[PDB]
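target_38.cif, holding mmCIF, C-alpha atoms and all ligand atoms:
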```
data_model
#
loop_
_atom_site.label_atom_id
_atom_site.label_comp_id
_atom_site.auth_asym_id
_atom_site.auth_seq_id
_atom_site.Cartn_x
_atom_site.Cartn_y
_atom_site.Cartn_z
CA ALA A 1 13.14 -5.46 -10.95
CA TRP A 2 13.47 -1.89 -9.73
CA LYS A 3 13.54 -0.36 -6.28
CA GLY A 4 13.71 3.33 -5.54
CA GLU A 5 12.22 6.43 -3.96
CA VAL A 6 9.65 8.74 -5.49
CA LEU A 7 9.90 12.24 -3.96
CA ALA A 8 6.60 14.07 -3.44
CA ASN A 9 8.15 17.33 -4.66
CA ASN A 10 9.38 15.81 -7.94
CA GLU A 11 6.94 17.20 -10.51
CA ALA A 12 8.59 15.47 -13.49
CA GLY A 13 8.38 12.12 -11.72
CA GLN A 14 10.88 9.34 -11.08
CA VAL A 15 11.85 7.36 -14.17
CA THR A 16 12.34 3.67 -13.38
CA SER A 17 14.40 0.98 -15.10
CA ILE A 18 11.22 -0.91 -16.04
CA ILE A 19 10.24 -0.91 -19.69
CA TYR A 20 6.67 -2.18 -19.88
CA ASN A 21 6.15 -4.32 -22.99
CA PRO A 22 2.88 -5.68 -24.39
CA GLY A 23 1.87 -8.79 -22.47
CA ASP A 24 4.03 -7.96 -19.45
CA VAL A 25 2.59 -8.77 -16.04
CA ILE A 26 3.90 -6.53 -13.25
CA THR A 27 3.65 -6.08 -9.52
CA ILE A 28 4.25 -2.84 -7.66
CA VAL A 29 4.36 -2.34 -3.90
CA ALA A 30 4.57 1.24 -2.59
CA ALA A 31 5.09 2.38 1.00
CA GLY A 32 5.76 5.52 2.98
CA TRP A 33 4.53 8.95 3.97
CA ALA A 34 4.28 12.22 2.05
CA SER A 35 2.44 15.52 1.93
CA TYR A 36 1.16 17.85 -0.76
CA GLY A 37 1.39 20.78 1.68
CA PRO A 38 -0.44 20.26 4.98
CA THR A 39 1.50 19.34 8.11
CA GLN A 40 -0.13 15.89 8.09
CA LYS A 41 1.21 13.13 5.86
CA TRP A 42 -0.60 10.47 3.83
CA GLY A 43 0.28 7.05 2.43
CA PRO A 44 0.34 6.05 -1.26
CA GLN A 45 -3.48 6.24 -1.60
CA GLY A 46 -3.34 9.94 -0.79
CA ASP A 47 -5.91 12.07 1.01
CA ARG A 48 -9.47 10.79 0.59
CA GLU A 49 -10.89 13.98 2.12
CA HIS A 50 -9.25 16.48 -0.23
CA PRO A 51 -11.07 17.86 -3.29
CA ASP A 52 -9.52 17.57 -6.76
CA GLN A 53 -8.29 21.07 -7.68
CA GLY A 54 -6.73 20.00 -10.99
CA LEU A 55 -4.68 16.90 -10.16
CA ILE A 56 -2.50 15.23 -12.80
CA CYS A 57 -4.59 12.08 -12.21
CA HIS A 58 -8.34 12.50 -11.71
CA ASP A 59 -8.79 8.82 -10.82
CA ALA A 60 -6.71 8.96 -7.63
CA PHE A 61 -6.69 11.19 -4.56
CA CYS A 62 -4.36 14.13 -4.04
CA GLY A 63 -1.11 12.73 -2.63
CA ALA A 64 -1.52 9.29 -4.24
CA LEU A 65 1.14 7.48 -6.23
CA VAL A 66 0.40 7.32 -9.96
CA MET A 67 2.40 6.38 -13.04
CA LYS A 68 2.81 6.90 -16.75
CA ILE A 69 3.89 4.16 -19.12
CA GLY A 70 5.54 5.58 -22.22
CA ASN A 71 3.10 8.06 -23.77
CA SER A 72 0.15 7.06 -21.61
CA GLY A 73 -1.98 9.26 -19.44
CA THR A 74 -1.58 8.90 -15.71
CA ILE A 75 -2.62 5.55 -14.23
CA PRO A 76 -3.35 5.12 -10.51
CA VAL A 77 -0.88 2.97 -8.57
CA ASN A 78 -1.80 3.77 -4.98
CA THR A 79 -0.41 1.11 -2.60
CA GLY A 80 0.44 -0.98 -5.64
CA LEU A 81 -0.66 -3.39 -8.35
CA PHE A 82 -0.74 -7.19 -8.10
CA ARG A 83 0.11 -9.16 -11.25
CA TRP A 84 -1.28 -6.35 -13.36
CA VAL A 85 -1.52 -6.06 -17.14
CA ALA A 86 -1.77 -2.69 -18.93
CA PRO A 87 -4.62 -1.71 -21.30
CA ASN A 88 -4.11 -2.39 -25.01
CA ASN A 89 -1.47 -0.26 -26.77
CA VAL A 90 0.16 0.93 -23.55
CA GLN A 91 3.93 0.41 -23.47
CA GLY A 92 7.25 2.03 -22.60
CA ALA A 93 9.31 3.19 -19.63
CA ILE A 94 7.46 3.45 -16.32
CA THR A 95 7.65 6.81 -14.58
CA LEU A 96 6.28 7.13 -11.03
CA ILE A 97 4.72 10.45 -9.96
CA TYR A 98 3.18 11.97 -6.85
CA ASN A 99 -0.38 13.12 -7.62
CA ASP A 100 -0.64 16.90 -7.16
CA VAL A 101 -1.79 19.98 -9.07
CA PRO A 102 0.72 21.11 -11.73
CA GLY A 103 2.88 23.99 -10.49
CA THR A 104 2.20 23.21 -6.83
CA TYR A 105 4.88 20.57 -6.14
CA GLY A 106 7.32 23.01 -4.51
CA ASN A 107 5.78 22.75 -1.06
CA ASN A 108 5.61 18.92 -1.10
CA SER A 109 7.60 16.74 1.25
CA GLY A 110 8.30 13.11 1.99
CA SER A 111 8.53 10.23 -0.47
CA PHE A 112 7.34 6.72 -1.23
CA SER A 113 9.62 3.70 -1.41
CA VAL A 114 8.57 1.55 -4.34
CA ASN A 115 9.36 -1.88 -5.73
CA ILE A 116 8.42 -2.92 -9.25
CA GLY A 117 8.95 -6.39 -10.70
CA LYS A 118 7.88 -8.32 -13.76
CA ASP A 119 5.90 -11.46 -12.93
CA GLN A 120 5.84 -14.72 -14.79
CA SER A 121 3.68 -14.59 -17.92
CA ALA B 1 -2.54 -17.27 -4.63
CA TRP B 2 -5.13 -15.69 -2.39
CA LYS B 3 -7.33 -12.63 -2.71
CA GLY B 4 -9.87 -11.57 -0.12
CA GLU B 5 -11.04 -8.87 2.27
CA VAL B 6 -9.74 -8.35 5.79
CA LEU B 7 -12.44 -6.74 7.95
CA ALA B 8 -11.25 -4.13 10.44
CA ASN B 9 -13.67 -5.47 13.07
CA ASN B 10 -12.41 -9.06 12.78
CA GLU B 11 -10.40 -9.51 15.98
CA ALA B 12 -9.44 -13.15 15.30
CA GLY B 13 -8.19 -12.16 11.86
CA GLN B 14 -8.78 -13.44 8.34
CA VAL B 15 -7.26 -16.84 7.67
CA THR B 16 -5.98 -17.07 4.09
CA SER B 17 -5.38 -20.09 1.86
CA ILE B 18 -1.64 -19.41 1.96
CA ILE B 19 0.51 -21.82 3.91
CA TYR B 20 3.98 -20.33 4.26
CA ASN B 21 6.67 -23.01 3.93
CA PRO B 22 10.41 -22.76 4.53
CA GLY B 23 12.08 -21.15 1.53
CA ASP B 24 8.88 -19.54 0.23
CA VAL B 25 9.08 -16.06 -1.27
CA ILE B 26 5.83 -14.12 -1.07
CA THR B 27 4.38 -10.85 -2.26
CA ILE B 28 1.48 -9.07 -0.63
CA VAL B 29 -0.37 -5.99 -1.85
CA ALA B 30 -2.98 -4.42 0.44
CA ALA B 31 -5.40 -1.65 -0.46
CA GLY B 32 -8.44 0.14 0.93
CA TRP B 33 -9.81 2.17 3.78
CA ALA B 34 -10.73 1.28 7.36
CA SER B 35 -11.19 2.74 10.81
CA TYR B 36 -10.48 1.73 14.39
CA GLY B 37 -13.37 3.92 15.64
CA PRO B 38 -13.21 7.52 14.41
CA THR B 39 -15.42 8.65 11.53
CA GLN B 40 -12.29 9.13 9.39
CA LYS B 41 -10.58 6.21 7.63
CA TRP B 42 -6.94 5.22 7.06
CA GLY B 43 -5.05 3.02 4.60
CA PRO B 44 -3.07 -0.16 5.35
CA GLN B 45 -0.28 1.78 7.13
CA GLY B 46 -2.81 2.93 9.71
CA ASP B 47 -2.89 6.22 11.62
CA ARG B 48 0.61 7.65 12.16
CA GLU B 49 -0.75 10.25 14.59
CA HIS B 50 -2.44 7.83 16.99
CA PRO B 51 -0.50 6.77 20.10
CA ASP B 52 -0.01 3.07 20.85
CA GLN B 53 -2.51 2.20 23.57
CA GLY B 54 -1.78 -1.52 23.63
CA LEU B 55 -1.84 -2.65 19.99
CA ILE B 56 -1.47 -6.31 18.99
CA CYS B 57 1.54 -5.15 16.97
CA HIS B 58 3.82 -2.55 18.53
CA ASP B 59 5.85 -2.20 15.32
CA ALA B 60 2.98 -0.81 13.23
CA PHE B 61 0.48 2.01 13.64
CA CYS B 62 -3.06 1.55 14.92
CA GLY B 63 -5.19 0.61 11.91
CA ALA B 64 -2.34 -0.97 9.95
CA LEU B 65 -2.49 -4.39 8.35
CA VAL B 66 -0.41 -7.03 10.13
CA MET B 67 -0.13 -10.82 9.91
CA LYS B 68 0.65 -13.99 11.79
CA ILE B 69 2.31 -17.01 10.18
CA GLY B 70 1.37 -20.20 11.97
CA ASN B 71 1.88 -19.43 15.65
CA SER B 72 4.30 -16.53 15.16
CA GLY B 73 3.88 -13.16 16.79
CA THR B 74 2.43 -10.35 14.70
CA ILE B 75 4.51 -9.11 11.76
CA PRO B 76 3.80 -5.75 10.09
CA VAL B 77 2.44 -5.90 6.53
CA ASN B 78 1.25 -2.34 5.95
CA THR B 79 0.78 -1.70 2.20
CA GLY B 80 2.47 -5.03 1.49
CA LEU B 81 5.70 -6.99 1.11
CA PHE B 82 7.71 -7.48 -2.06
CA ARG B 83 9.37 -10.86 -2.66
CA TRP B 84 9.64 -11.32 1.09
CA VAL B 85 11.13 -14.25 3.03
CA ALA B 86 10.19 -15.05 6.63
CA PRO B 87 12.61 -15.29 9.58
CA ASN B 88 13.97 -18.75 10.39
CA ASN B 89 11.53 -21.26 11.90
CA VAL B 90 8.50 -19.21 10.85
CA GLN B 91 5.91 -21.22 8.92
CA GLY B 92 2.25 -22.14 8.68
CA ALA B 93 -1.04 -20.58 7.58
CA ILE B 94 -0.99 -16.81 7.03
CA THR B 95 -3.66 -14.94 8.99
CA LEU B 96 -4.20 -11.23 8.23
CA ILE B 97 -5.30 -8.94 11.06
CA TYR B 98 -6.23 -5.28 11.55
CA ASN B 99 -3.93 -3.69 14.17
CA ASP B 100 -6.02 -2.53 17.14
CA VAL B 101 -6.13 -2.90 20.94
CA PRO B 102 -7.56 -6.29 21.99
CA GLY B 103 -11.23 -6.11 22.98
CA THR B 104 -11.73 -2.88 21.03
CA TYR B 105 -12.52 -4.27 17.56
CA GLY B 106 -16.30 -3.89 17.86
CA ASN B 107 -16.38 -0.25 16.69
CA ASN B 108 -14.09 -0.90 13.72
CA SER B 109 -15.30 -0.58 10.15
CA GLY B 110 -14.14 -0.95 6.59
CA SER B 111 -11.75 -3.50 5.19
CA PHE B 112 -8.60 -3.96 3.16
CA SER B 113 -8.56 -5.83 -0.12
CA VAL B 114 -5.45 -8.01 -0.06
CA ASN B 115 -3.60 -10.15 -2.60
CA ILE B 116 -0.98 -12.71 -1.58
CA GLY B 117 1.07 -14.74 -4.02
CA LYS B 118 4.07 -17.01 -3.93
CA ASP B 119 6.97 -15.84 -6.07
CA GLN B 120 9.32 -18.00 -8.05
CA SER B 121 12.19 -19.43 -6.02
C1 LIG C 1 -8.22 23.77 2.32
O1 LIG C 1 -8.74 24.84 1.98
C2 LIG C 1 -6.88 23.40 1.75
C3 LIG C 1 -5.95 22.72 2.55
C4 LIG C 1 -4.69 22.40 2.02
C5 LIG C 1 -4.36 22.73 0.69
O2 LIG C 1 -3.13 22.44 0.14
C6 LIG C 1 -2.84 22.70 -1.19
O3 LIG C 1 -3.34 21.69 -2.03
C7 LIG C 1 -3.06 21.88 -3.42
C8 LIG C 1 -3.70 20.72 -4.21
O4 LIG C 1 -5.11 20.73 -4.03
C9 LIG C 1 -1.54 22.00 -3.69
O5 LIG C 1 -0.85 20.78 -3.43
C10 LIG C 1 -0.93 23.09 -2.78
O6 LIG C 1 0.49 23.10 -2.89
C11 LIG C 1 -1.29 22.78 -1.32
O7 LIG C 1 -0.75 23.82 -0.51
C12 LIG C 1 -5.29 23.41 -0.11
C13 LIG C 1 -6.55 23.75 0.42
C1 LIG C 2 -8.09 10.70 21.43
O1 LIG C 2 -8.46 11.74 20.87
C2 LIG C 2 -8.62 9.37 20.97
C3 LIG C 2 -8.44 8.18 21.71
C4 LIG C 2 -8.95 6.95 21.24
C5 LIG C 2 -9.66 6.90 20.02
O2 LIG C 2 -10.16 5.70 19.58
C6 LIG C 2 -9.99 4.46 20.19
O3 LIG C 2 -8.74 3.93 19.87
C7 LIG C 2 -8.48 2.66 20.49
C8 LIG C 2 -7.08 2.20 20.03
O4 LIG C 2 -6.08 3.07 20.52
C9 LIG C 2 -9.56 1.63 20.10
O5 LIG C 2 -9.46 1.32 18.71
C10 LIG C 2 -10.98 2.17 20.36
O6 LIG C 2 -11.95 1.26 19.86
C11 LIG C 2 -11.13 3.54 19.69
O7 LIG C 2 -12.42 4.07 20.02
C12 LIG C 2 -9.84 8.10 19.29
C13 LIG C 2 -9.33 9.31 19.75
CA CA C 3 1.59 20.90 -3.16
CA CA C 4 -11.48 0.06 17.78
#
```
Before anything else, please render the file you have as structure tokens.
Ligand SMILES: *C(=O)c1ccc(O[C@@H]2O[C@H](CO)[C@H](O)[C@H](O)[C@H]2O)cc1
Ligand SMILES: *C(=O)c1ccc(O[C@@H]2O[C@H](CO)[C@H](O)[C@H](O)[C@H]2O)cc1
Ligand SMILES: [Ca+2]
Ligand SMILES: [Ca+2]
Amino acid sequence: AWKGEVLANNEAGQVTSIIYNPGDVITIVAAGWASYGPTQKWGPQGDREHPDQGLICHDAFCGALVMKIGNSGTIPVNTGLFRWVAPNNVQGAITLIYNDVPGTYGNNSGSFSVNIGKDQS
Amino acid sequence: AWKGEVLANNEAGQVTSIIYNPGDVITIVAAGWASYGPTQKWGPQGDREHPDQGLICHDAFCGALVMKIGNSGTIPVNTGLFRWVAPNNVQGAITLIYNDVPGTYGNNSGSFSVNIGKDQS
């Protein structure tokens, strides 16, 4: 299992120790407060009121937690995933990323604390 | 394992099928959007800007997810718990509740989708 912080201003994302292999079942729980710029902060589901101005993940709100697995596109994580299995052909190291517009991470603040484990399968 | 919705306007709380027994390790993931009255909505961590005006749980924000185990006091859940063990002497059915001021649940709306499972131990 892995536990760590994902900083909102980390554009490259936080690489975890989890290698997702075909058939793996995983659970993620994410908590905390972060901002993409405004004084307010939002949880891991991001800001449901903010328009998408070119986010790295179009299937989650600005300020949400998302992930990539190996060479995958971004996949929404939000508050987490419960005994979740990846789509076919998705595999590799899990990187966690704050959802923002590329090039605009400099003014971000806060972080999410995240646990990832592999479940029985 | 249990999956269900917890309505924000449900003052008594949502009883789950989970009975927490001594030694149990559990994982909870909570998602979704709800309100304690305003037109806006918040995630399972609630509204970090709203003062505590007499919440059923003083250790979580208004609009956060909390729980009771048997006849325990409220315990914060927020976005969830990862491989969590209860304090000594705490056991019984898990009830999930929206954190609001007693008697003020009538104007609440929305719900959280919640998964609870027992982990290997
Ligand atoms: C309203 O016009 C408005 C409020 C805040 C805001 O913040 C920017 O959002 C961008 C992503 O959409 C990016 O994160 C910038 O760094 C933020 O300052 C934009 C617009
Ligand atoms: C101040 O701007 C303000 C005060 C209260 C409020 O909503 C009420 O919050 C209560 C809990 O603190 C309770 O949930 C009531 O039902 C709400 O109407 C909004 C804004
Ligand atoms: Ca930004
Ligand atoms: Ca209310």
In the coordinate frame of the file, compute which residues have an atom within 9 Å of (-4.3, 10.4, 0.7) when using all atoms listed in the file, and state them as number ranges by chain.
A: 34-35, 41-50, 60-64; B: 42-43
Please dump the current selection as a CSV table (one decimal), keeping the file's coordinate frame; keep C-alpha atoms.
```
chain,number,residue,atom,x,y,z
A,34,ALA,CA,4.3,12.2,2.0
A,35,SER,CA,2.4,15.5,1.9
A,41,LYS,CA,1.2,13.1,5.9
A,42,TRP,CA,-0.6,10.5,3.8
A,43,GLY,CA,0.3,7.0,2.4
A,44,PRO,CA,0.3,6.0,-1.3
A,45,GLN,CA,-3.5,6.2,-1.6
A,46,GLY,CA,-3.3,9.9,-0.8
A,47,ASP,CA,-5.9,12.1,1.0
A,48,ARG,CA,-9.5,10.8,0.6
A,49,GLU,CA,-10.9,14.0,2.1
A,50,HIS,CA,-9.2,16.5,-0.2
A,60,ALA,CA,-6.7,9.0,-7.6
A,61,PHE,CA,-6.7,11.2,-4.6
A,62,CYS,CA,-4.4,14.1,-4.0
A,63,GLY,CA,-1.1,12.7,-2.6
A,64,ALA,CA,-1.5,9.3,-4.2
B,42,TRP,CA,-6.9,5.2,7.1
B,43,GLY,CA,-5.0,3.0,4.6
```
Give me the residues within 12 Å of residue 58 of chain B as a PyMOL selection string, counting all atoms listed in the file and dropping any in the same chain fewer than 3 places off.
chain B and resi 51-55+61-64+66+73-76+99-101
Within 8 Å of chain B: residues of chain A, using only C-alpha atoms, as a PDB file with C-alpha atoms, in the coordinates of the input:
```
ATOM      1  CA  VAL A  29       4.360  -2.340  -3.900  1.00  0.00           C
ATOM      2  CA  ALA A  30       4.570   1.240  -2.590  1.00  0.00           C
ATOM      3  CA  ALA A  31       5.090   2.380   1.000  1.00  0.00           C
ATOM      4  CA  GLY A  43       0.280   7.050   2.430  1.00  0.00           C
ATOM      5  CA  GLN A  45      -3.480   6.240  -1.600  1.00  0.00           C
ATOM      6  CA  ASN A  78      -1.800   3.770  -4.980  1.00  0.00           C
ATOM      7  CA  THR A  79      -0.410   1.110  -2.600  1.00  0.00           C
ATOM      8  CA  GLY A  80       0.440  -0.980  -5.640  1.00  0.00           C
ATOM      9  CA  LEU A  81      -0.660  -3.390  -8.350  1.00  0.00           C
ATOM     10  CA  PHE A  82      -0.740  -7.190  -8.100  1.00  0.00           C
ATOM     11  CA  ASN A 115       9.360  -1.880  -5.730  1.00  0.00           C
TER      12      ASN A 115
END
```
Which residues are near residue 5 of chain B? Cut-off 8 Å, all atoms listed in the file, ignore same chain within fewer than 6 positions. Put them as a PyMOL selection string.
chain B and resi 14+111-114
Would you output that residue set with C-alpha atoms, as a PDB file, in the frame of the given file?
```pdb
ATOM      1  CA  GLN B  14      -8.780 -13.440   8.340  1.00  0.00           C
ATOM      2  CA  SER B 111     -11.750  -3.500   5.190  1.00  0.00           C
ATOM      3  CA  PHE B 112      -8.600  -3.960   3.160  1.00  0.00           C
ATOM      4  CA  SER B 113      -8.560  -5.830  -0.120  1.00  0.00           C
ATOM      5  CA  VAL B 114      -5.450  -8.010  -0.060  1.00  0.00           C
TER       6      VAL B 114
END
```
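Note that the spacing between atom CA of residue 121 of chain A and atom CA of residue 57 of chain A amounts to 28.5 Å.
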Env. residues ligand CA 3 (chain C) / 9 Å / all atoms listed in the file / as JSON, numbers by chain:
{"A": [8, 9, 35, 36, 37, 38, 63, 100, 101, 102, 103, 104, 105, 106, 107, 108, 109]}
Length of the atom CA of residue 96 of chain A to atom CA of residue 86 of chain B vector [Å]
28.6 Å
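A straight line drawn from atom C7 of ligand LIG 1 (chain C) to atom CA of residue 13 of chain A is 17.2 Å long.
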As JSON, please: the centre and edge lengths in Å, to one decimal, of an axis-aligned box enclosing every listed atom of ligand LIG 1 (chain C) with 6 Å added on each side.
```
{"center_x": -4.1, "center_y": 22.8, "center_z": -0.8, "size_x": 21.2, "size_y": 16.1, "size_z": 18.8}
```
At a cut-off of 8 Å, using only C-alpha atoms, what residues contact residue 20 of chain B? Leave out same-chain residues fewer than 3 positions from it and give the result as a count of residues only.
6
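Shortest separation to residue 95 of chain B among B:19, B:25, B:67, B:7 occurs at residue B:67, atoms counted being all atoms listed in the file.
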